[PDB]
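# Chain and residue survey
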Amino acid sequence: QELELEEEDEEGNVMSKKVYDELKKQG
Amino acid sequence: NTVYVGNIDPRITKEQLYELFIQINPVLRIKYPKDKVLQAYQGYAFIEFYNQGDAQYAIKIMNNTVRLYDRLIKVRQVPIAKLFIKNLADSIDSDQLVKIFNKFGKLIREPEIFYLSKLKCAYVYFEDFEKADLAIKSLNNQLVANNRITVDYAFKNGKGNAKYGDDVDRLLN
Amino acid sequence: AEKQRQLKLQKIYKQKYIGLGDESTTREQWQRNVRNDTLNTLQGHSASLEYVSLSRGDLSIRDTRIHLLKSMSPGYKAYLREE
Amino acid sequence: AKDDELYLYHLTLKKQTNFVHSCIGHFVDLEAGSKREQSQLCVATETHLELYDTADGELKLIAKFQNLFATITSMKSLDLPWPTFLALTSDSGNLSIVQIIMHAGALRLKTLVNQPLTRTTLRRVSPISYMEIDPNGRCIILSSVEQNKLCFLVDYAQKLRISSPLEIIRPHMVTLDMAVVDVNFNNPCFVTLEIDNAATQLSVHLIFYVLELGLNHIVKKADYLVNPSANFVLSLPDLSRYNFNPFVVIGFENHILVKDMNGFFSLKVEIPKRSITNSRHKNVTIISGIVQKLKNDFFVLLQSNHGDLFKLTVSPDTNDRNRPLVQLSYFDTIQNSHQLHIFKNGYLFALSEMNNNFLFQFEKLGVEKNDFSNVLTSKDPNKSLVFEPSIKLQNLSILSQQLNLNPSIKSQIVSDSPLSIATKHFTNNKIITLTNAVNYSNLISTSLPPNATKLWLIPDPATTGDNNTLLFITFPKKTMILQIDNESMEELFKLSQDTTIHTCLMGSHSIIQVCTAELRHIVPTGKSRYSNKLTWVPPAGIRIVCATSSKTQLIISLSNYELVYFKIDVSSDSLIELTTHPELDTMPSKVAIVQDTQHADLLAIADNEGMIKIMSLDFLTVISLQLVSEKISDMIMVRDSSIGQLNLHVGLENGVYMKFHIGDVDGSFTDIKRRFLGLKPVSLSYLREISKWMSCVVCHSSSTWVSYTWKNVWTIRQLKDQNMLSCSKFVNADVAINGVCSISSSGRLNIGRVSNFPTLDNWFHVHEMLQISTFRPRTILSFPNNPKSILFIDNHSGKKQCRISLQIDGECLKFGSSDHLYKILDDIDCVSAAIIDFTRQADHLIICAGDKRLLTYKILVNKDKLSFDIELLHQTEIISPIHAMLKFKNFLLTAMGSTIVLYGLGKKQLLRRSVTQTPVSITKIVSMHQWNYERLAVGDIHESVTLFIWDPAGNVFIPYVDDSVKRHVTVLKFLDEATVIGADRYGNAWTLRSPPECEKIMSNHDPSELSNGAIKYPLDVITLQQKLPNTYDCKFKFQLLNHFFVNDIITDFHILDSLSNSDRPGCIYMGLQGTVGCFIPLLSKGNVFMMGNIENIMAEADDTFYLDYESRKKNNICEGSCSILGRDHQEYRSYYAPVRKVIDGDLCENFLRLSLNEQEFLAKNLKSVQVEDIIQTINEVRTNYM
Amino acid sequence: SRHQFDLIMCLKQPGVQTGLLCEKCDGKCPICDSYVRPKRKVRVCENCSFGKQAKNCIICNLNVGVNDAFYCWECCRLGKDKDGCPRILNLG
RNA sequence: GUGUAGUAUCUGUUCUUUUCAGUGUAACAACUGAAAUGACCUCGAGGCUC
RNA sequence: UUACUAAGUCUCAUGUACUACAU
């Protein structure tokens, strides 16, 4: 002992899944 | 995962156990010993399930439930500091030892009083190597009950090595 | 007697077929046999030879074949290094 | 329980095209009573073998010989002081000297002596892969890449005699490039380049050997150490005029040497170089040298890796002394050629290892040795000449080319029904669609008014001995008549108000037209006029059901009651009718009779109930009955000229076609040969062609099927045109052979020409100065939504560059409004590429650059401006090279080196939707494929396939099965959910299946519970997890299902639900070295039981011949007689891993060529059916299964 | 041989010649000594033929053989057919 | 129903110089060489002991 | 509720088969 959820500004192609979910809760 | 089963009639066979417990949960493995001194069954088995959830479930529902050959079936689920202390007084009770070492550290077990040579000695089990170091630092070569006592590590050669602090730290963690 | 014959047949089969691991064989000795046989078949089949030619992208196919031939000897690495 | 046990039937449809060996000898004397000429060549690719002649200055197929079932690792002809027969060395170590002979009515390859050497495999100790023969044919020499060299002394007598082998064994010396020097009969001398296997430094040293005929052993003569850069050796014949001392030409990389045997003369001449030296520039080398000598002038041709063809001549240097000089110059060059030959004629055969073999005749012969400008000399060894290549092609003139695809990288399956295969051309870079259908030209078509039915063509009686020929069309209401002449097609009495059931010519200069209500007897009058001498009508009136005819003879069948028999009167023109009732006891369906002869026995009558009867024409009798399925749609009777067999071709409603052998005397119905083609009532017509004259019957349906019979074989076939309504043979003064007039289903008249026919040897036609394209093709793609639209992607050899050429329907597309039909992409190179549609209305293209960058494009079709418009969208950086990608649902499913990434569609660039980390075993993913978006099969370089399942809401692929053994998988597909096709880098074609223990679990459980959650595995599986965690990590294993070995490297598998409407779905593969073959699952069992027994027969058949030939020698032909090579079938086809359930049909096909004596000799081992039914079952596969 | 151990073989590259076995040894595959389904005739190197020794039985090395020896179908697949020159040099 | 030579296999029995070093072994085993004598302390164990 | 492993070498006896060799 890298996923990309595509924000609306089309810069979110680097943006993580959980991060864009946080911006769902913010939006 | 694995459950102990006991109070089993040697006439109970492996297929009978399997067919019995599959009614409760899925059974991964069954170890059902066969005596090489009686050439039969010694009357207790071990049933390994696919997880401790089904294991504990079978422990709850199965215990004191099924009656096989009129006998009930039983189910049951399946490293510390040590200080040698020499020249203790005869007036020192084990509970008095407990009181003396509680202030320094919590005891995982009770002290062990034994006689060498006439010579009253005891083993004291501490949960912490550092608290053991405290009882050592304060109580080494000290006079209690008008008798000089010696406090050090008990042999295993003696406890308190470098790897001992390292691993005892972890067992504390 | 029997094992003793197996020693002689070990010498003969080793002579004909080159590398045959007997009992103790160094990884350098044996891996060399591995490389030699693998390259041997890559260049031996016109099929796999045609294949390596394209995937490698050499200008001609015989470059790949004689490359494998050269690649069989150990010093060919340093040879490429000296180019 | 039903045993899965997939039984695959392997066929080689097109045989391996990369020609690795050649020989110059004159083998057979054909078509000439007494002729001896050295001009001929035999060329071999591994298994496959071919024999070509020229003699015309243009190369010719002679015969394509039977499949040898081995790997021919060298082939060289030998000429002894006689018919020149070729010495052939292959796997099994056997040195097999074979003579091509004429046996029965074909050329068969006979073996004389095969000598066992080494063992059966492709080996380094195996004395093969390097072979040459004394130019005087006294001795043959084989060698090994490493260990040893063997040289036989060949002697001829009443029977050929091979002397005992002469051995030389050098343990650590790896041999390369055997080249034998010609001799005057002094002593044979061969030359090799030995590279030491075990050494501290790389040392490549030439060595000379003189075999001593006196002492009978090979003698090491001169060991000369040369730089490690050495490439090859060539033999300089004599230098007898200048000063036994042979001289060799050692090609190095950037310069050439020549060396003496005594080391007196070592001449270095630097090889010239191109002017451009594009991008990556190697020190090059010369791949192939050759020697030629005439009129004291001997020059040699040595070609570089770039294809530059050079010559050497020797000069005495009269000023100094008489000593050799070496002079390079420049020629027309060529593309890279593996080997070069020259006939005694001025023809130079260039065998290209790249794509195509092509022959020359040289005239200019090159620049004279006098010029100091362009010619280099041995005077100063240090010098360099730069030259610009010449595409003008002055020196050499291409005479014949041979279309072949040696390096077929990828392909797509276009037009599934006629099995058409779309693949690039490697060098020329042209689109090649090779097709199973008959090649059909179309020329000067003309639009006919709508609603047409049938067609006929009858020679115009009005003009005798003239080109005019009357073409008749039919409409349901109306009948159209047309006149034919060369370049003159014109339109014109008769009956135009009623449909025409039949029309035919009678005797000389007479016609009869049978129509539903009444007949017409027409005769020519003058030029444009005709007159009916008689007309026929039913007594009370009736609608005629059908009509058939012979040359002088006619039959019409009315509604029900009776049939009408007509003949024409000899010495005049008249019609007569018999008084008799052929009641036929039912309503006659359709009638058929031979129209080839003036008198045709045995009318063929059909009934609406679905039965067929024969009519003896003592007189009429019904000798036979056929109860077959649906009512007969149409039927024709045709007797062929060659064998004289009378075949009754019976078409049926719903699209079942049938054929029957018909006995002449008895008229019995035997040898039923059926087929199912399309869904439609079939139509039939009769035509005559050549390829010896030949006859076939065209069949009109949803597809068009020409049924033709080759010698002792017949194959129904689809035709290249989509559909044909009615078809009849046509002739024009404009050169017409195989020419035909027909009509498309659209009701439009058209003229066409059939060309190539799918014989057993070919089974395809290939639709495609010196022409070489700088762009070497890469991959081939096709859109999912558009059923067939094929997009091609190539590369540049040079600075990284690409091109994209899209084709749909007939020919390509334009790019935008530009003239160019292709698109150029600068600085983009394609390691791997795939097209994707993220939305149903949008189409994107996907490139993976060697820069490790993922490039997105957009495809546009202009649609009646029609053109392709490609548009760059995004740019995405990638960690791995991306060797494999494909279409997952809505997404791109791509494989990194380690891991599998599933990209979605983002804007400004594409996003990672999910990533799946591979099991530790997988280093890289060569190829992968999906099953209905639920499942995956992922291949490796080193390891084998591993299947994954997509889990939604788990957003991950979970491996549920491992593979048994290590296999290097180039290309991989799915037959099913539970089974997988795969090939190997080494040529194994296998198919695997998940175990039923796994299928039950995945059928009964959801994928989400596999990774985490409760899935109950039997006790054994877990014990295999803790016991053997490395192998059983994936907790299941593929049981081997099918295994096979095809010596090629399979590029593309495609699973076709039907091959030309055939029921059994096949899987067809194209190999890299080029090939296309199929695996047909066999329904039932006794199919694979009979096939298995036939394969077992043909397997040891050579041994059976040897044991019979042995017994007859006990009471009073070598062992490899029937196989021509020592390799057993099970051994060769087993090879890497034993074939499991796959029976090889490519063997059973060889049973067809053997003579009747041999075949009947083989089939006696069976209590089962006779040779005839054997051949029936064998030929059944190509007909029915595809 | 398969049974008698001390028997030594030749194992050289076989020539065109065919080895002879006596009627006493007739029917044995010279490697495995099997009587079933023989395939290919044995071939020996020239060094084992020359003079009188050529007439000897390649199996028992003593008697003069008339018959040719064949390999069985099991040895022909095991490849021992092509291994080399079978002969028994020492009498055993 | 015997004798000469010889073999294999049970079972019973029993633990060979305390150590060191080398060979050997997968590690053992086994084999090869030598030898401490004296004093003291605590509960066969232990000694930066002399 | 006991979570599954013991004989070996030597010595001197017993148990039982066997192999060449002779009447």
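Conventions we followed
Residues numbered from 1 in each chain as written, not as in the entry; some residues may be left out. Chains lettered and ligands numbered in written order. Part of a larger assembly, values for the part shown. Heavy atoms only, no water. Residues with missing side-chain atoms left out of burial classes, pairs and counts. Helix = DSSP H or I, 4+ residues; strand = E, 2+ residues; numbered from the N terminus. Rg over C-alpha atoms; globule rule 2.2 N^0.38 Å. Domains from an automatic or database assignment. Contact = heavy atoms within 4.5 Å. Nonpolar A, V, L, I, M, F, W, Y, C, P; charged D, E, K, R; others polar. Pairing = 2+ DSSP bridges. Axes fitted to C-alpha atoms, helices over the stretch in contact; angles between N-to-C directions. Parallel < 35°, antiparallel > 145°, perpendicular 65-115°, else oblique.

### Section: the overall build of chain D
- Helix and strand content of chain D: ten helices and 89 strands.
- Its C-alpha atoms give chain D a radius of gyration of 35 Å, near enough to 32 Å, the size a compact globule of 1186 residues would have.
- Judged by the C-alpha coordinates and their principal axes, chain D covers about 110 × 85 × 75 Å.

### What about the overall build of chain B?
- Counting its secondary structure elements, chain B contains five helices and eleven strands.
- For 173 residues, the compact-globule estimate of 2.2 N^0.38 gives 16 Å, and the C-alpha radius of gyration of chain B, at 25 Å, exceeds that figure by more than 25%.
- By principal-axis analysis of the C-alpha atoms, chain B measures approximately 70 × 35 × 30 Å.

### Points about the domain arrangement of chain B
- Domain boundaries assigned for chain B yield domain 1 (1-78) and domain 2 (79-173).
- The C-alpha centroid of domain 2 of chain B is placed 44 Å from the C-alpha centroid of domain 1 of chain B.

### Structural notes on the interface of chain D and chain C
- In this complex, chain D contributes 15 residues to the contact, which on the side of chain C involves 13 residues.
- Residue classes in the side of chain D that touches chain C are distributed as five nonpolar, six polar and four charged.

### A look at the environment of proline 272 of chain D
- Position of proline 272 of chain D relative to the elements: it lies in the loop between β22 (266-270) and β23 (273-274).
- For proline 272 of chain D and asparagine 467 of chain D, which are 195 residues apart along the polypeptide, the C-alpha to C-alpha distance reads 63 Å.

### Considering the sheet that holds strand β85 (residues 1039-1045) of chain D
Residues and elements named next belong to chain D.
- Spatially, four strands are ordered β82-β83-β84-β85 in an open sheet, and the strand pairing comes out antiparallel. The sheet is open, and its two borders are formed by β82 (972-974) and β85, each paired with just one other strand. The sheet shows a mean angle of 20° between the axes of neighbouring strands, direction not considered.

### Structural notes on the packing of helix α2 (residues 27-44) of chain C against helix α3 (residues 46-56) of chain C
All names here are of chain C.
- It is at 5 Å that the axes of α2 and α3 come closest, and there the two elements cross at 90°. With respect to α3, the axis of α2 lies roughly perpendicular. Touching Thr41, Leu42, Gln43 and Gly44 of α2 are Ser46, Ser48 and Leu49, all from α3.
- Among the residues making up the contact of α2 with α3, the classes are represented as two nonpolar, five polar and no charged.

### Focus on unusual backbone geometry
- Even without being a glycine, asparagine 1061 of chain D presents a positive backbone phi close to 70°.
- Mapping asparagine 1061 of chain D onto the fold places it in the loop between β86 (1050-1056) and β87 (1066-1071).

### Focus: the sheet that holds strand β78 (residues 928-931) of chain D
Residues and elements named next belong to chain D.
- Read across the sheet, four strands follow the order β78-β79-β80-β81 without closing on themselves; strand pairing throughout is antiparallel. Looking at strand neighbours, the two that pair on one side only are β78 and β81 (956-961), the edges of this open sheet. Taken over all neighbouring pairs, the strand axes of this sheet differ in orientation by 30° on average, direction set aside.
- Bridge count for strand β80 (residues 946-951) against β81 is five bridges, and the pairing is antiparallel. Bridged to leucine 947 within β81 is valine 961.

### Notes on the arrangement of the chains
- Interchain contacts are distributed over five pairs of chains, and the most extensive set of them lies between chains C and D.
- The least C-alpha distance between chain B and chain E, which are not in contact, is 44 Å.

### What about the environment of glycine 816 of chain D?
Residue and element names in this part refer to chain D.
- In this fold, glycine 816 is placed in the loop between β67 (814-815) and β68 (823-826).
- Separated by 50 residues in the primary sequence, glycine 816 and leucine 866 have C-alpha atoms spaced 8.2 Å apart.
- Excluding its chain neighbours within four sequence positions, the residues that come into contact with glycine 816 are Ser867 and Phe868.

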